[PDB]
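Engineer:
Protein chains in written order, with the deposited numbering: chain D, 507 to 544, 553 to 560, 567 to 585, 590 to 597, 603 to 612, 616 to 625; chain B, 92 to 99; chain C, 1 to 248, 288 to 346; chain L, 4 to 93, 98 to 217; chain H, 28 to 126, 140 to 257.
#1: Please tell me whether residue 85 of chain C and residue 140 of chain C are closer than 8 angstroms, where the distance is taken between their beta carbons.
#2: Can you tell me which of L:114, L:31, L:159 puts its alpha carbon nearest to the alpha carbon of residue 72 of chain L?
#3: Can you pull the DSSP bridge partners for residue 192 of chain C?
#4: Restricting to Cα atoms, I'd like to know which of H:225, H:182, H:220 is closest to residue 202 of chain H.
#5: Taking the beta carbon of residue 88 of chain L as the centre, do at least 16 other beta carbons fall within 10 Å, making it buried, or is it exposed?
#6: Going by DSSP in three states, residue 163 of chain L sits in which element: helix, strand or coil?
#7: Determine which residues share a DSSP beta bridge with residue 23 of chain C and list them.
#8: Could you work out which residue in H:241, H:162, H:211 is closest to residue 222 of chain H when comparing CA atoms only?
#9: Of the residues H:152, H:109, H:87, which one's Cα is nearest the Cα of residue 187 of chain H?
#10: Do you know offhand how far residue 8 of chain C's Cα is from residue 31 of chain C's?
#11: Determine whether the Cβ of residue 624 of chain D lies closer than 8 angstroms to any Cβ atom of chain B.
#12: Going by alpha carbons, who is nearest to residue 29 of chain L out of L:9, L:38, L:43?
#13: Take residue 196 of chain H as the anchor and find which of H:165, H:234, H:177 has the nearest alpha-carbon.
#14: From what residue to what residue does the beta strand (DSSP E) around residue 98 of chain C run?
#15: What number of angstroms, rounded off, separates the C-alpha of residue 322 of chain C from the C-alpha of residue 182 of chain C?
#16: At 7 angstroms on the CB atoms, spell out the chain D contacts of residue 126 of chain H, in chain order.
#17: Taking a contact to mean a Cβ-Cβ separation below 8 angstroms, would you say residue 516 of chain D touches residue 66 of chain C in this structure?
#18: Using CA coordinates, which residue listed in C:88, C:89, C:60 is at the minimum distance from residue 76 of chain C?
#19: Can you check whether the C-beta of residue 597 of chain D is within less than 8 angstroms of a C-beta belonging to chain B?
#20: Taking 8 angstroms as the cut-off, decide whether the C-beta atoms of residue 47 of chain C and residue 93 of chain C are in contact.
#21: Return no unless some Cβ of chain D is closer than 8 angstroms to the Cβ of residue 63 of chain L.
#22: List the endpoints of the continuous alpha helix (DSSP H) containing residue 580 of chain D.
#23: Just the C-alpha distance for residue 623 of chain D and residue 106 of chain C, rounded to the nearest angstrom, thanks.
#24: For residue 176 of chain H, which three-state DSSP category applies?
#25: Which whole-angstrom value is the C-beta distance of residue 348 of chain C and residue 81 of chain C, which I expect to be below 8 angstroms?
#26: May I ask you to report which of helix, strand or coil DSSP gives residue 84 of chain C?
#27: Under the rule that 16 or more other beta-carbon atoms within 10 Å means buried, what is residue 130 of chain C, buried or exposed?
#28: Using a Cβ cut-off of 8 angstroms (strictly closer), state whether residue 5 of chain L contacts chain H.
#29: Secondary structure at residue 620 of chain D, three-state DSSP: helix, strand or coil?
#30: Ignoring anything shorter than 3 residues or poking outside the segment 57-108 of chain H, list the beta strand (DSSP E) runs there in chain order.
#31: Check residue 1 of chain C in the structure and name its three-state DSSP category.
#32: Can the beta-carbon of residue 36 of chain L be found less than 8 angstroms from the beta-carbon of residue 54 of chain L?
#33: Of all the options D:519, D:536, D:596, D:513, which has the alpha carbon lying nearest to the alpha carbon of residue 557 of chain D?
#34: Spatial neighbours of residue 176 of chain L within its chain, please: C-beta separation below 7 angstroms, excluding the five flanking residues on both sides.
#35: Once the 5 residues before and after residue 97 of chain C are set aside, which same chain residues still bring their CB inside 8 angstroms of it?
#36: Should the segment 37-44 of chain H be regarded as contacting the segment 102-116 of chain H, the criterion being three or more beta carbon pairs within less than 8 angstroms?
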């Protein structure tokens with residue numbers, strides 16, 4: 507049933523997730539999230569293949585060469610939330 | 092930490 | 001909720017809802033595919049995009065799970081199956097909002113149906129046509145929505161006579177997530193069920209006996225809550241049929296007939312299910328739509344008649 | 004602390020006109036800039052976030068853009084309901104605001120003078136009031152005269168907000184005197200100078216006459 | 028979705044007030060609550076914020092050491108405790124949230153001063169005896185010497201609204217406010233219709249009704 511929940515807000519999604527937790531539906535949560543993932555959006559997202573692609577993109581951007593990058597290396606909250617290989621590589625770059 | 096993850 | 005014009009010149013064959021029920025895909029003989037959007041503010045349906053997609057009459061259509069993006073599939077009499085993906089970076093009604101992702105030409109006969117498989121199996125799909133051969137296709141690498149390989153081919157019918165305009169074929173996967181992969185197929189008078197074997201191949205696991213004419217429609221019902229499966233069929237003999245399938288000549292599948300209904304007095308063209316498989320719909324010659332609910336005894340009763 | 008400078012601080016534009024408001028950050032902030040609209044007497048309403056993302060439900064005539072350290076809010080076709088103060092935002100700091108009004112044809116004021124009531128004098132003070140009704144533009148000049156002597160420092164004025172239908176202003180001016188000073192003089196007059204007026208208008212009364 | 032703000036009003040200087048912001052419709056626990064204030068006729072001033080996630084708080088220089096922002100995730104409610112309040116702190120106070141600032145409090149007015157609440161006096165602005173025949177006349181009421189703001193004015197209990205202008209108050213050098221309200225009516229109705237102005241000053245619980253008519257000689 508849950509996958510059909512008419513979520514819109516952030517809270518709606520968090521509710522869904524909370525129910526996936528409460529019932530232990532990691533495959534469901536993984537799917538819901540997959541639906542959410544589908553530049554800023556990509557940054558927010560940062567399955568294995570996708571992560572690899574994101575890594576490659578980051579590398580390309582670095583070779584070509590802001591807040592997100594600093595966080596990887603309001604702000605405190607972001608650092609707390611952040612607290616993977618692709619990410620580490622981008623941070624190194 | 093960031094430089095230990097880059098070396099890995 | 002007043003009627004509206006599709007924008008099609010020739011007769012319309014299929015209409016399908018997206019996952020959220022806020023979008024609709026239409027395909028007609030004028031070789032066009034239209035996509036409508038349900039505006040939040042003004043509760044009206046308004047054309048999102050229209051475009052020419054085939055060289056012949058487009059008969060079937062279907063949406064893929066949202067967890068794979070915005071994807072539509074079409075089947076036409078031009079012996080092909082095409083796949084499209086919405087590009088949000090295009091104006092609506094521009095005719096360029098949906099890019100062809102691929103084409104499947106393996107069929108050597110016109111195609112009558114195409115259905116995506118349940119998301120819990122990956123981007124998968126099936127198709128059936130004049131050649132009487134069901135084909136399964138898989139988008140092996142979910143990143144390459146062009147990498148469509150052919151997963152399987154099965155001969156449904158064996159000897160289709162070269163002189164019959166009277167042809168009908170239908171598909172419907174078992175939506176169930178916690179049940180072994182399987183799908184239903186109708187071919188003329190026959191209706192048979194396929195199930196994935198341990199060998200990763202499709203085998204005929206049963207047949208739905210009783211049809212005394214052409215099967216116009218079939219759909220597998222969502223078995224949320226139940227331990228059994230239910231599939232309904234709208235035959236040309238004027239009867240709606242509801243079969244109960246339980247798994248406990289070489290099958291592991293049982294087949295019960297739960298109901299039969301002739302209330303339509305004429306051919307039953309469309310048979311559809313609820314999102315919960317709680318309501319079943321039927322439409323036919325009498326120009327009426329009937330909604331059915333299940334009794335406590337598991338019989339089916341008409342809870343309303345629209346016209 | 005970061006300063007956000009909006010230009011202009013005030014503007015007048017016709018319905019259907021394209022309107023541009025700019026905001027310059029003291030130092031280099033990143034696209035972390037939002038635009039708001041505030042009607043008078045009400046909470047601000049978000050228009051734009053991340054410099055160029057349109058907040059959900061907001062009419063598409065509103066758009067945001069960035070060029071380096073210059074942030075731009077654009078209204079592609081100004082509507083009568085769009086009068087407000089607009090604010091940019093990057098401690099969190101807000102720009103000083105840009106007031107947007109609707110421009111229209113000149114409208115001359117109607118002028119009225121009111122003597123102090125008996126009840127007011129009755130308490131020791133005398134307020135004389137000059138009303139300028141339904142005019143445009145806002146810049147009207149009131150000059151009080153008492154027995155033809157110019158007055159300064161003993162008057163105050165205020166102006167209504169623009170009328171929502173005809174776009175005019177009204178203005179009230181109050182001349183305040185002691186009862187004693189009021190009683191030392193005969194002719195009380197308010198002289199109004201305004202674009203719509205081809206020459207100044209004077210309304211007056213004589214103290215204690217009817 | 029809705030923020031709710033309560034607990035402002037009138038407060039003596041050096042005094043204290045706790046403002047509440049009761050939230051609903053969103054995840055208080057991962058949001059940030061901000062307080063932004065607006066002094067009469069001025070722009071918006073951000074004073075403080077709190078992360079409900081980390082509990083981190085921060086403050087504008089102008090309120091630091093006097094204002095404390097806090098939050099109770101278990102009742103979805105945030106607070107701003109305002110100590111040693113000053114005239115400079117008089118303002119409408121808004122609570123707002125971030126997950140930009142998409143959700144805003146309806147605002148509550150904090151007025152900070154020692155002056156006693158004083159009801160206004162209400163005087164007629166009587167229609168000129170020289171009012172033009174077949175023309176338009178003006179009449180009004182002058183609402184003088186009250187503190188603090190605000191005052192409201194209606195005509196004929198709300199039944200007369202057309203041609204009404206109620207002006208912004210001005211602050212006299214005495215420290216008391218004055219405002220005027222006027223309406224234009226046809227001249228031929230001065231003999232025949234009744235015009236009554238209705239003034240309310242909630243802070244002092246003053247209500248006055250004053251009939252405005254031409255002066256007799």
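C-beta: ideal position from N, C-alpha, C; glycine also.
Structural biologist: So, to answer that:
#1: At the C-beta level, residue 85 of chain C and residue 140 of chain C stay beyond 8 angstroms of one another.
#2: Ranking the options by Cα distance to residue 72 of chain L, first place goes to L:31.
#3: DSSP output for residue 192 of chain C lists C:185, C:207 as bridge partner(s).
#4: Closest by alpha carbon: H:225.
#5: Flag for residue 88 of chain L reads buried.
#6: Correct three-state label for residue 163 of chain L: strand.
#7: DSSP output for residue 23 of chain C lists C:37 as bridge partner(s).
#8: Among H:241, H:162, H:211, the Cα nearest to that of residue 222 of chain H is on H:162.
#9: The residue from H:152, H:109, H:87 with its alpha-carbon nearest to that of residue 187 of chain H is H:152.
#10: Distance between residue 8 of chain C and residue 31 of chain C, taken at the CA atoms: about 9 angstroms.
#11: Yes, residue 624 of chain D lies at the interface with chain B (some Cβ there is under 8 angstroms from its Cβ).
#12: Closest in C-alpha terms to residue 29 of chain L, from the list L:9, L:38, L:43, comes L:9.
#13: The shortest Cα separation from residue 196 of chain H among H:165, H:234, H:177 belongs to H:234.
#14: 98-104 is the span of the beta strand (DSSP E), which, as asked, contains residue 98 of chain C.
#15: The C-alpha of residue 182 of chain C is placed about 26 angstroms away from the C-alpha of residue 322 of chain C.
#16: Below the 7 angstroms Cβ cutoff, chain D contributes 516 as neighbours of residue 126 of chain H, in chain order.
#17: No. Outside cutoff.
#18: Checked all of C:88, C:89, C:60; the closest Cα to residue 76 of chain C is C:60.
#19: Interface residue, yes.
#20: Between residue 47 of chain C and residue 93 of chain C, the CB-CB gap stays under 8 angstroms.
#21: The C-beta of residue 63 of chain L comes no closer than 8 angstroms to any C-beta of chain D.
#22: Per DSSP, the unbroken alpha helix (DSSP H) holding residue 580 of chain D starts and ends at 568-584.
#23: Distance between the alpha carbons of residue 623 of chain D and residue 106 of chain C is about 48 angstroms.
#24: In this structure, residue 176 of chain H counts as strand in the three-state DSSP scheme.
#25: Here chain C has residues from 1 to 346 only, and residue 348 of chain C is not among them.
#26: Correct three-state label for residue 84 of chain C: strand.
#27: Classification for residue 130 of chain C: buried.
#28: False, the Cβ-Cβ gap to chain H never drops below 8 angstroms.
#29: It is helical.
#30: Correct list: 59-65, 71-77, 84-86, 94-99.
#31: In the structure shown, residue 1 of chain C falls within a coil segment according to DSSP collapsed to helix, strand and coil.
#32: Between residue 36 of chain L and residue 54 of chain L, the CB-CB gap stays under 8 angstroms.
#33: The alpha carbon of residue 557 of chain D has as its nearest neighbour, out of D:519, D:536, D:596, D:513, the alpha carbon of D:596.
#34: Excluding its 5 nearest sequence neighbours in each direction, residue 176 of chain L has C-beta neighbours in its own chain below 7 angstroms: 142, 143, 145, 166, 167, 169, listed in chain order.
#35: For residue 97 of chain C, where only same-chain residues beyond five positions count, the Cβ hits under 8 angstroms are 35, 48, 49, 51, 86, 87, 90, 91.
#36: Segments in contact, yes.
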